[PDB]
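Scroll down for the structure; my scribbles are underneath it.
Number of protein chains: 2
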Amino acid sequence: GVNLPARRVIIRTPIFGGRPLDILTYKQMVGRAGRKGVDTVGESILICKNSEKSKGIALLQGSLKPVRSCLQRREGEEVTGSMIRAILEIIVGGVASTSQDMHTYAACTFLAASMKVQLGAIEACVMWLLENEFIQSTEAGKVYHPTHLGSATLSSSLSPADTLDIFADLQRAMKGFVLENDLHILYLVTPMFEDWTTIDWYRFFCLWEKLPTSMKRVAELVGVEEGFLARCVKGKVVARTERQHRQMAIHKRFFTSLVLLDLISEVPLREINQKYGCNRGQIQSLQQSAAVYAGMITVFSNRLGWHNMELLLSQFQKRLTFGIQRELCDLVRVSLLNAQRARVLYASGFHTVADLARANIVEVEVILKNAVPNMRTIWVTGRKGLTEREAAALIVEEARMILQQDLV
Amino acid sequence: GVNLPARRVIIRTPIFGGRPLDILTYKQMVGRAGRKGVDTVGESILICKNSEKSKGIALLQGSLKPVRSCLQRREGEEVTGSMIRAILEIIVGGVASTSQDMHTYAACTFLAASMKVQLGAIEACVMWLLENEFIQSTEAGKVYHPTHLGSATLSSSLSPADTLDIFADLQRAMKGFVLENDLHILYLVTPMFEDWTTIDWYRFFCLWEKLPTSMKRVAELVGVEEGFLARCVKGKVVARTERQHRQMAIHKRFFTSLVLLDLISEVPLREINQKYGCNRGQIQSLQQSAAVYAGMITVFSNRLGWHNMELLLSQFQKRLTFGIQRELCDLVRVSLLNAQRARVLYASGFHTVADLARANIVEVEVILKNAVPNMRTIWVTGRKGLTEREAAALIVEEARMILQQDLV
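Chains as they are written, first to last, in the entry's author numbering: chain D, 449 to 564, 577 to 600, 606 to 838, 858 to 892; chain A, 449 to 564, 577 to 600, 606 to 838, 858 to 892.
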């Protein structure tokens, strides 16, 4: 993640996560030994048990694997999502219009450069995009053009195998959308689960009893079922079939949307932790991936022309990223303001960036000095810590500059 | 299906349905040559082209394949539906309780006699039934007992792999059942599609316009979608995934339920043929499988205790078997009466079997003599053709006997 120099790098065991340590990770770990321009030498100690020792020596003497890219379809695969995405991007973008061009493109891949089957993989990917009509075939050979369902995947950056599920889910929402709360909007922008946390199903079912009626109404629409939650409480649930994989994913996705609903209502991370069991960094790493996904789904609906969906969803990318009520969404345009600092300026009465740009800097200082509880009390992710006087002056001047940029 | 002895059995080609004949079928054909006690010798001619002579001689000289059981799980199969049903039937019936008994039962199987892997096949089937709790494991080794879902799937004679879909479909119907017409019931008792006809999708979508709103409301509930009908009209549609397989099955199952709804309302087979394209024998064979399946779904709901479903479903086995309105269902208890003859007796005023048993035989004769339009006018499937006087007398005496049997 970050370059930190250290003199002594200790690795407590050659085994990580129940696996032997990856040589790439080990060389990244050990490569941080030695404080540049301060140490005479760097030191690393792999602490190793007598039973581990053969693995430990393998880490010291081993060297990185050659690169081999995902465009190789494995045994029993006729297509790969990276290749499908590749063929989509060139057809829908229009830079490869014909099968003669698609072979000419594929010869530029690192797969071709590594081989220097692929001519079959191209055709199999074309066939998948065609049968679902991400692309359409016209007679010249064949000339392939996108549909609206194709062009939307390229603009959204959504994976097209997921796009069939996203597309049908959004249509089924529009057939009957619960505007009564933001939970139905949230559910559609929740990511696929990807094990962002270990769900405590006995907590989740005991929340489901308390869950507001207008949120259980969403749950029945999206497909949650309280008998299956009780079956998760009763014991281990396993999915053998793609039907069962989809059935289970809905409940994990709904639990995620409840965490986000607390997150976009400024519920403190300590209270979310106590209520759902999540760690702070799990909630924040969920928050980033949901905010990214909320962007994709907006552009996807806009390209299709679901104008009433893009109105609702567009607010949520910013609103998820900071995790704020609807009113703070203006203030946060000042990058010095997080949800905490925006709420204290909003609480005082600086409801909008234009009013904040008018503000007397001494008043912003006194608001921050009082509301937050020298010594660089405030942290700004692009800076070292700031004093109240310095942060307030930079806030006002940044708000004015935003007006200057917005008017220009 | 019949003993018809013929003096010559000509077979027009060695190829049938685009394949060589099965030697079992060919010997079932040729074995019909020679009329017992009439002929001196039977004859069969396989007509064969010069291109086919090698296939022809192979049918003449070839001999039947050894019989081999379905319980041999193939490569890539962990379980087979036949073995699962075998293990279910003994556990839910209670004739095998422990794994010691299940290995003992398997030694009685023709699989074992043919071998004389299977000990693993038993355990894999037990694990499927356990994970879905068709059976519940308990600590003694393990002792396995049925659930209600096991006992219902056994008593229904349904396949247990399908029973997970049937159970979830029936529950989802009970959350919101359209009583406004019998189509939502017919969608639940109609079998899964079995290539009983080739659907003309341009006809089907041209019906979907005219379909009554009380029946399009069912279609929305069951999951039929007019955007997917348009794809079927637009061109070929295929299933790459289990999601796509059921999405197509739902539409084929709805089309089948409309054909049944016309049968259930006594729409003539010629009018059904013109309206849907089915042959008479396709419709009449669909009646048999739908009436069998309507019986299974009743017993399934009865054992689970869905008393409101079995109260609705239980009319449909008889009603589908004959293809009658609700009122004929009493008269039809007379096995001499089909839907045609029941409707002429109901139209005259013999609304019930007790009132038919009272009838003057000469009056039943005159009704049949008039209403049906002595050369054996009436065909009775258990008999040669009958005259009006003979059929009417047998009808009245059979109605009286039914009272005697019902009172006894």
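Even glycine gets a Cβ: it sits at the ideal position worked out from N, Cα and C.
Quick check: the Cα distance between residue i and residue j, rounded to an integer number of angstroms?
| i | j | result |
| --- | --- | --- |
| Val-892 of chain D | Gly-688 of chain D | 48 Å |
| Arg-745 of chain A | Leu-723 of chain A | 15 Å |
| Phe-787 of chain A | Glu-599 of chain D | 52 Å |
| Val-732 of chain D | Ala-633 of chain D | 32 Å |
| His-710 of chain D | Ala-704 of chain D | 5 Å |
| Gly-770 of chain D | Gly-700 of chain D | 44 Å |
| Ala-714 of chain D | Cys-518 of chain D | 26 Å |
| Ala-561 of chain D | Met-531 of chain D | 15 Å |
| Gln-782 of chain A | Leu-725 of chain A | 12 Å |
| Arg-867 of chain D | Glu-874 of chain D | 12 Å |
| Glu-645 of chain A | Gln-578 of chain D | 57 Å |
| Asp-627 of chain A | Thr-618 of chain A | 10 Å |
| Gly-465 of chain D | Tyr-609 of chain A | 37 Å |
| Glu-659 of chain A | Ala-804 of chain D | 60 Å |
| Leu-796 of chain A | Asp-630 of chain A | 36 Å |
| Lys-717 of chain A | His-613 of chain D | 28 Å |
Give the residues of chain D in contact with residue i, contact being defined as C-beta atoms less than 8 Å apart.
| i | result |
| --- | --- |
| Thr-706 of chain A | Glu-707 |
| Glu-591 of chain A | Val-703, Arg-705 |
Among all the DSSP beta bridges, which residues are the ones paired with residue i?
| i | result |
| --- | --- |
| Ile-459 of chain A | A:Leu-494 |
| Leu-870 of chain A | A:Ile-862 |
Pick from the options: whose alpha carbon is nearest that of residue i?
| i | options | result |
| --- | --- | --- |
| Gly-760 of chain D | D:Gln-780, D:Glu-736, D:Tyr-741 | D:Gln-780 |
| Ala-534 of chain D | D:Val-586, D:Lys-868, D:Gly-742, D:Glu-707 | D:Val-586 |
| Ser-730 of chain A | A:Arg-784, A:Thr-721, A:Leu-778 | A:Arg-784 |
| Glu-593 of chain A | A:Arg-522, A:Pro-611, A:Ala-807 | A:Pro-611 |
| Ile-789 of chain A | A:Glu-828, A:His-772, A:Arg-682, A:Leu-734 | A:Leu-734 |
| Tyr-741 of chain D | D:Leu-452, D:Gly-529, D:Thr-721, D:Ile-862 | D:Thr-721 |
| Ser-679 of chain A | A:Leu-648, A:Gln-509, A:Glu-707, A:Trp-661 | A:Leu-648 |
| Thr-655 of chain D | D:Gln-712, D:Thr-618, D:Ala-755 | D:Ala-755 |
| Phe-558 of chain D | D:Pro-514, D:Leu-635, D:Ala-836, D:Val-527 | D:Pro-514 |
| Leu-778 of chain A | A:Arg-873, A:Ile-664, A:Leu-635, A:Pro-468 | A:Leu-635 |
| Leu-512 of chain D | D:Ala-883, D:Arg-682, D:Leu-472 | D:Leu-472 |
| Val-831 of chain A | A:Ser-492, A:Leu-619, A:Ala-877 | A:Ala-877 |
| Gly-692 of chain A | A:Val-683, A:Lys-675, A:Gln-712, A:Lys-497 | A:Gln-712 |
| residue 574 of chain A | A:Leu-508, A:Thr-546, A:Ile-493, A:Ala-584 | Gap note for chain A: numbering proceeds from 564 to 577 with nothing in between, so residue 574 of chain A has no coordinates. |
| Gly-606 of chain A | A:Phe-642, A:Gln-548, A:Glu-591 | A:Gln-548 |
| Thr-662 of chain D | D:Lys-675, D:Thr-488, D:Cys-671, D:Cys-743 | D:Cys-743 |
| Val-683 of chain D | D:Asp-665, D:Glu-707, D:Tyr-652, D:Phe-670 | D:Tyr-652 |
| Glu-792 of chain D | D:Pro-625, D:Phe-815, D:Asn-858 | D:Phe-815 |
| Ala-581 of chain A | A:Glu-523, A:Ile-595, A:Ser-616, A:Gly-615 | A:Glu-523 |
| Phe-719 of chain A | A:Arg-456, A:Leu-694, A:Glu-775, A:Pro-625 | A:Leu-694 |
| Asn-451 of chain A | A:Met-477, A:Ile-459, A:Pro-462 | A:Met-477 |
Shorter than 7 Å, the distance from the beta carbon of residue i to the closest heavy atom of the ligand PLP, or not?
| i | result |
| --- | --- |
| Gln-596 of chain A | You won't find the ligand PLP in this model; it holds no ligand whatsoever. |
Is the Cβ of residue i closer than 8 Å to any Cβ of chain E?
| i | result |
| --- | --- |
| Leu-648 of chain A | Checking the listed chains, one finds no chain E in this structure; the protein chains it contains are D and A. |
Put residue i into one of helix, strand or coil per three-state DSSP.
| i | result |
| --- | --- |
| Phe-464 of chain D | strand |
| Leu-469 of chain A | coil |
| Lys-607 of chain A | strand |
| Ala-544 of chain A | coil |
| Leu-512 of chain D | coil |
| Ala-555 of chain D | coil |
| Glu-599 of chain A | strand |
| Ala-876 of chain D | helix |
| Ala-481 of chain D | strand |
| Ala-454 of chain D | strand |
| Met-639 of chain D | helix |
| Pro-656 of chain A | coil |
| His-649 of chain A | helix |
| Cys-743 of chain A | coil |
| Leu-734 of chain D | helix |
| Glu-593 of chain A | coil |
| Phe-815 of chain D | coil |
| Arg-696 of chain D | helix |
| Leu-821 of chain D | helix |
| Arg-798 of chain D | coil |
| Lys-701 of chain A | coil |
| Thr-528 of chain A | coil |
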